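Written below as structure tokens is the structure these notes are about.
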Amino acid sequence: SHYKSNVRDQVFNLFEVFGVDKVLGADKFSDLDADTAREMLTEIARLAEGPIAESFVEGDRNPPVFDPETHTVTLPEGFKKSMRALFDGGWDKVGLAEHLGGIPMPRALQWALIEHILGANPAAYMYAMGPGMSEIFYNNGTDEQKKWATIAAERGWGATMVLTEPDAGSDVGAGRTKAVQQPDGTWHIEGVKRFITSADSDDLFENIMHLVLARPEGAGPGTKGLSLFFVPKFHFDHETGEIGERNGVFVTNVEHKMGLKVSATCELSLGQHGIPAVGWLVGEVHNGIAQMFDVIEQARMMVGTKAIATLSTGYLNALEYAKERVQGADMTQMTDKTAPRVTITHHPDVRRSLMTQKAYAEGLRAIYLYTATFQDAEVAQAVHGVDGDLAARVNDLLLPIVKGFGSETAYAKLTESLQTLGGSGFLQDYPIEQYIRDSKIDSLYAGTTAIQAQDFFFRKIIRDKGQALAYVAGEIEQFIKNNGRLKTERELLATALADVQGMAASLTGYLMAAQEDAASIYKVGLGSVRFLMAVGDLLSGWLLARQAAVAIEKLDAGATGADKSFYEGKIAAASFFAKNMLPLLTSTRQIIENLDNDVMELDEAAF
Amino acid sequence: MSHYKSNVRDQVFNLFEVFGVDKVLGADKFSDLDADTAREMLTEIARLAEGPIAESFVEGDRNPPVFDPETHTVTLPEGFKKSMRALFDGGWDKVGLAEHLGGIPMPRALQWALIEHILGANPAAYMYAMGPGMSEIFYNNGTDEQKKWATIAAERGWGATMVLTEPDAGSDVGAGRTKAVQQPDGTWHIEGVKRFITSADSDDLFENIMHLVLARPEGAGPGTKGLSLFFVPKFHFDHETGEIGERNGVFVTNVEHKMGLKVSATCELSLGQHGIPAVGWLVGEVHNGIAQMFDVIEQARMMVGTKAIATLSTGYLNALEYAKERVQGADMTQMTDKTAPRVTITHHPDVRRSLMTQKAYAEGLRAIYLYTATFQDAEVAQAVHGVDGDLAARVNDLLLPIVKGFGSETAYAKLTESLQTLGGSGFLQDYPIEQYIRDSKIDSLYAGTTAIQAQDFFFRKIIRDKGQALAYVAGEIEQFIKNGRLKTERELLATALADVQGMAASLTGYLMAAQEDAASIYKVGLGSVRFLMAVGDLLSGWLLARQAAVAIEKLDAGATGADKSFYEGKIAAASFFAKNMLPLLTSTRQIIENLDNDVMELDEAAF
Ligand SMILES: CCCCCCCCCCCCCCCC(=O)SCCNC(=O)CCNC(=O)[C@H](O)C(C)(C)COP(=O)(O)OP(=O)(O)OC[C@H]1O[C@@H](n2cnc3c(N)ncnc32)[C@H](O)[C@@H]1OP(=O)(O)O
Ligand SMILES: CCCCCCCCCCCCCCCC(=O)SCCNC(=O)CCNC(=O)[C@H](O)C(C)(C)COP(=O)(O)OP(=O)(O)OC[C@H]1O[C@@H](n2cnc3c(N)ncnc32)[C@H](O)[C@@H]1OP(=O)(O)O
Ligand SMILES: Cc1cc2nc3c(=O)[nH]c(=O)nc-3n(C[C@H](O)[C@H](O)[C@H](O)COP(=O)(O)OP(=O)(O)OC[C@H]3O[C@@H](n4cnc5c(N)ncnc54)[C@H](O)[C@@H]3O)c2cc1C
Ligand SMILES: Cc1cc2nc3c(=O)[nH]c(=O)nc-3n(C[C@H](O)[C@H](O)[C@H](O)COP(=O)(O)OP(=O)(O)OC[C@H]3O[C@@H](n4cnc5c(N)ncnc54)[C@H](O)[C@@H]3O)c2cc1C
């Protein structure tokens with residue numbers, strides 16, 4: 001039972017902070033009320049803590065085994081039993097479109113439900129993303145393809161996203177897998193893809209939809225020349241869904257990884273074994289990179305939310321350990337060798353550690369749920385008063401924060417969780433070292449942190465003309481401008497907001513200097529990740545302070561018992577974060593204001 | 001070649017061109033070891049480390065030790081035992097051993113540079129080889145009779161352990177309850193269970209193991225002052241001839257399953273619980289256990305810090321070699337051109353940022369442990385610093401928790417950049433970086449957690465010392481700042497020195513004000529680790545800048561070729577470190593000056 005959930009904080013964000021319940025029972029969510037949403041969260045949290053978390057250790061210690069002659073993978077039995085628990089509850093259809101068998105709901109509620117699976121056994125959610133992919137295929141498909149997507153969703157087929165090649169990882173546009181058009185309008189896909197998650201999955205599903213980027217013969221170069229293809233593991237009857245002949249797409253290797261071991265990560269060979277890999281052009285148009293980014297956006301949201309879910313259960317494990325571990329005397333009695341021994345939560349450095357973990361875990365939860373409130377036009381209208389166009393641009397702005405800042409932060413603060421256990425934290429008997437291993441990948445797949453920071457600056461700020469950024473900054477400034485019990489926190493936030501504004505101005509400055517001296521663009525690259533992390537810190541501190549303001553109101557109204565303790569912890573967290581994390585942004589702004597190209601001019605031989 | 005990439009060039013640069021250790025080679029204690037021989041020794045052990053020692057790095061992780069409950073022994077993988085035999089056959093387990101025990105006299109600074117290579121290539125191999133060094137400590141603390149046993153133990157190459165920790169006594173060594181009962185013949189029977197004992201069994205590597213066990217004589221007082229230290233051998237032996245006799249009652253009962261460092265058997269150790277007494281001999285025949293054991297702990301803390309630093313160094317050189325060859329993307333100056341030539345990733349600004357961060361910290365940390373070691377011999381300290389024996393010992397004691405605490409935390413943090421440089425391939429066991437990360441996570445925990453390092457540094461190495469060692473080091477930094485091409489670095493170092501000075505003053509004020517307000521002491525606890533880390537960053541910046549001043553002198557004298565590249569890299573690293581790492585200490589000073597007890601007052605239930 002490694003997984004420790006936090007429904008209370010989820011509901012606090014969804015209802016008391018963001019007001020997502022304002023849309024429940026109205027319009028698209030007419031048949032889902034606030035009580036039902038709360039019961040779903042409790043239900044999936046309990047299932048996550050039980051049957052899903054049950055095989056978390058098994059999947060790591062008894063990982064999938066590859067048979068290279070059948071080109072298939074065997075998963076451990078306990079993990080497949082967790083997968084069936086997921087399917088039997090319908091949790092592979094959270095927020096799926098109603099016409100595909102789904103229950104309509106705000107994306108903020110959907111991601112909070114998913115948080116529990118990602119905290120308990122994140123590879124289980126990844127294997128279960130087939131219906132979500134069926135829905136993207138549906139939205140992008142022809143009328144006839146929409147009929148296959150409906151079948152795939154109803155039969156619960158698995159799915160993969162197939163981009164990476166050995167020479168084309170960050171540079172997707174360099175891929176050489178090719179597509180050869182047939183007279184009847186299908187295509188034959190030829191190439192080897194690498195690092196494909198779930199490319200085989202034992203007997204979990206009756207079929208797998210591979211969504212494959214490939215370059216049609218004679219198409220131009222880069223990502224703009226790529227097309228997206230529906231390549232099923234098995235041919236099937238397009239009218240009934242009955243499974244047919246094996247299609248020419250075969251796993252030829254399974255990687256040995258640091259963590260996330262139960263997710264089979266596969267070399268995938270298309271058309272290499274003398275059987276054609278038939279693919280159907282998605283939507284029967286050539287628009288591959290744009291179509292595939294519908295998938296990439298969801299994957300990046302998932303990876304950020306995965307890292308955040310894992311830091312949260314890492315923190316709650318550390319806290320429960322610390323509450324019970326007796327070691328040493330209180331610091332006020334450190335010289336008295338007969339003083340009473342105390343539990344380690346009495347020690348300042350452990351409280352520092354735990355509050356650092358708490359504030360980042362909770363601030364990150366607020367960030368991904370805040371981000372999700374812009375993913376439905378109706379939620380964004382009802383809770384923020386912003387129209388659909390700006391909501392989409394704000395969601396797109398925040399996705400690289402959820403992914404890049406979420407993955408980096410969670411991994412770094414799990415170091416504090418492990419440390420809280422002392423030497424025991426190094427044992428596989430406790431789950432934190434596996435949290436660390438399982439979460440290292442989140443800075444890498446779905447685009448590395450450097451790729452997230454480059455997306456954030458060039459596409460989500462500059463190409464956006466700063467409109468989404470200016471929107472969020474205006475909300476932060478409005479909080480600062482508005483009791484004086486948060487006076488010191490608002491002053492710290494004001495300094496941090498000006499620090500980030502100063503970073504944006506410097507980086508924009510280097511970009512405009514590149515009109516005259518091309519090399520000046522390198523300074524944007526030097527400072528981009530630090531800027532992305534600074535915006536994440538500023539958002540964490542703002543959202544914690546918002547949570548603190550709500551908590552003050554609820555305490556003033558007369559909260560008691562466990563509610564009172566919860567609200568007290570929000571005040572302490574927002575105050576701790578403002579005073580210990582935000583001021584570092586000032587030094588980071590001055591560092592960014594002084595970047596230079598010395599490190600770019602250095603001979604490679606001098607490293 | 002192997003996973004292990006060594007850096008003898010940087011070691012020799014530090015030892016000779018920066019600290020002038022070659023000035024003592026050939027004279028007095030080191031009469032028979034000249035500079036040429038020292039360099040050939042470093043080259044020889046580097047090749048041993050890259051060859052047979054590194055050969056079983058992966059194997060000890062993938063095929064880890066197995067506990068046998070039928071015999072209460074541990075079995076080690078055959079390839080790792082072959083590596084151990086290569087270490088012994090070359091005499092490398094007698095590096096810096098006293099001449100009368102069979103060693104080769106050498107400066108401690110040379111000794112630790114030699115040991116760095118084993119710690120980089122397979123650090124558990126050095127840990128299993130620490131027997132002869134423990135015999136020397138037993139010799140130094142022993143009676144005349146006991147010195148004869150310690151001589152035999154060195155000559156026969158017996159293994160050794162340091163046996164302190166119990167389930168309820170880890171950081172708080174003084175809570176130990178293992179008991180010592182004196183026998184009529186003047187031996188003792190030791191009774192208790194110890195936990196997490198490194199090398200507590202080692203298969204058939206040795207013919208005997210010396211366990212150095214802390215235990216509380218019946219009737220003694222509480223805390224660490226009531227502990228005594230006992231020589232408890234695995235087998236009884238003839239005190240004159242060394243011939244091995246009957247088994248003594250000290251048995252391993254389990255082996256821990258760990259995140260990393262798997263080939264180091266970490267064992268529960270039972271004394272007197274299996275039907276025969278564990279006979280022990282009181283060391284020095286005096287009751288002075290925690291003082292005696294700290295002779296061992298001091299060495300273990302130097303070892304752990306040097307291990308973490310060795311591991312970052314080979315992590316960096318692996319990532320750098322990968323980056324030079326990995327082609328991905330276009331030059332940022334050609335971002336918008338999708339037919340622009342592809343480049344190797346060292347052309348990308350974020351990768352150069354990541355590599356220079358790894359390089360500056362790895363080399364700064366190497367400078368710190370070598371500098372620390374130049375204070376471990378009175379003669380070296382006199383010859384290269386002009387300091388007498390008493391001040392030397394105090395400065396070495398000041399620097400040890402920096403080597404250990406700042407070393408372990410920094411190495412694990414910056415290996416994250418090493419892994420990131422490989423992209424998705426960094427997450428594969430095919431490359432050594434993910435094992436580096438798992439193997440080095442323990443360095444912040446054993447030999448005293450980081451918080452214990454930070455408390456030792458401030459309470460014992462500064463306050464109890466009345467700032468003598470600290471003022472000495474600060475005066476050497478100020479002298480460098482005092483002194484054109486290094487004007488900016490010296491200005492940034494002056495800011496960092498004043499920041500650390502401000503931190504020390506604030507924390508000393510919180511401590512002294514505890515006399516009138518007891519809870520004031522908690523702010524010392526809240527800030528101690530950040531203070532320790534700030535001193536390590538300041539030392540790193542200063543030593544790198546000193547290196548850059550030597551590099552400038554050598555370039556002015558006409559260095560060419562590979563020498564010139566090396567020197568250019570030192571100037572670049574010192575400058576990058578001063579401009580990108582040092583300024584953050586200003587925000588950390590201001591954070592420390594505003595610490596408060598809110599987080600101490602918060603109800604535990606609010607977390
Ligand atoms: C809910 C269910 C989801 C279904 C899931 C089913 C199976 C999967 C389950 C398992 C999960 C596994 C998680 C790990 C997965 C992976 O790693 S998949 C591989 C991920 N690969 C990447 O993320 C690529 C990283 N590299 C880049 O992003 C790089 O910056 C790119 C490739 C974009 C650079 O290429 P360029 O050619 O230089 O890009 P350019 O800027 O000019 O844009 C071209 C074109 O791309 C579109 N685009 C680009 N960026 C975005 C963003 N951020 N969002 C949307 N669209 C984007 C645009 O079409 C753009 O053209 P324009 O004319 O509009 O500019
Ligand atoms: C090269 C040869 C080496 C041989 C090695 C052989 C075996 C091979 C394998 C070993 C490698 C594996 C590495 C991992 C091994 C381990 O983890 S062993 C377990 C390590 N345990 C610790 O480090 C303890 C951590 N806790 C503390 O340090 C804690 O702060 C202590 C225990 C010090 C607090 O106890 P107190 O009683 O409160 O301490 P106090 O401050 O009052 O001092 C009491 C007494 O202790 C001595 N002392 C304390 N601190 C030091 C230091 N830094 N240096 C020397 N001596 C110290 C003093 O005697 C002191 O008395 P005073 O009157 O002088 O104050
Ligand atoms: C467990 C796992 C599962 C995966 N699953 C899938 C999957 O299901 N589907 C799929 O299509 N792919 C998948 N991948 C591939 C994954 O997305 C890539 O590994 C990732 O995009 C990084 O690419 P790469 O490994 O080639 O690294 P590289 O692109 O070679 O990057 C190496 C280094 O160079 C840096 N770099 C590269 N280009 C630039 C640039 N222009 N500017 C600055 N820095 C740059 C990177 O940040 C990194 O630090 C998976 C990978 C892993 C590890
Ligand atoms: C791989 C491994 C090998 C080991 N080898 C040996 C060996 O050979 N010999 C041996 O004797 N021991 C050995 N140990 C034990 C090791 O030194 C201890 O784990 C370590 O000292 C921490 O003690 P603990 O595990 O009981 O943690 P705890 O002392 O319970 O610490 C728990 C947490 O509380 C914090 N904390 C505790 N006390 C205080 C305080 N007073 N103030 C502030 N914070 C505090 C710690 O920093 C940590 O975050 C080994 C351990 C491991 C993991």
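By order in the structure tokens, chains are A, B, ...; within a chain, residues start at 1; ligands start at 1, following the order shown.
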
Inset, instruction - For chain A, work out the contacting residues on chain B at 7 Å, counting only C-alpha atoms, and write them as number ranges by chain. - result: B: 172, 223, 257-259, 328-329, 332-333, 338, 349-350, 352-353, 423-424, 427-429, 434, 442, 445-446, 451, 518-519, 521-522, 525-526, 565-566, 568-569, 572, 579-580, 583-584, 587, 591, 599-600, 605-607

Legend entry - Residue set, region 170-383 of chain A restricted to helix (DSSP H, G or I), as a count of residues only: 84

Inset, instruction - All residues within 6 Å of ligand 2 are required, counting only C-alpha atoms and all ligand atoms; please report them as a ChimeraX atom specification. - result: /B:127,130-131,133-134,160-162,164-165,171-174,198,223-224,290-291,294,296,299-300,446-448,452,456

Inset, instruction - List all protein, DNA and RNA residues that have any atom at most 8 Å from ligand 1, counting only C-alpha atoms and all ligand atoms, and write the list as a PyMOL selection string. - result: (chain A and resi 126-136+158-164+169-173+195-198+222-224+289-291+293-300+302-303+396+400+444-448+451-452+454-456+459-460) or (chain B and resi 335-336+338)

Legend entry - Pick from A:365, A:38, A:413, A:80 nearest to residue 203 (chain A), counting only C-alpha atoms: A:80

Legend entry - Between atom 18 (C, counted along the ligand's line) of ligand 3 and CA of residue 309 (chain B), distance in Å (one decimal):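 It comes out at 28.7 Å.
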
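Separating atom 14 (N, counted along the ligand's line) of ligand 4 from CA of residue 48 (chain B) is a distance of 28.4 Å.
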
Inset, instruction - List every residue of region 64-171 of chain A that DSSP, applied to the backbone, labels as strand (DSSP E), and write the result as a ChimeraX atom specification. - result: /A:65-67,72-74,158-162
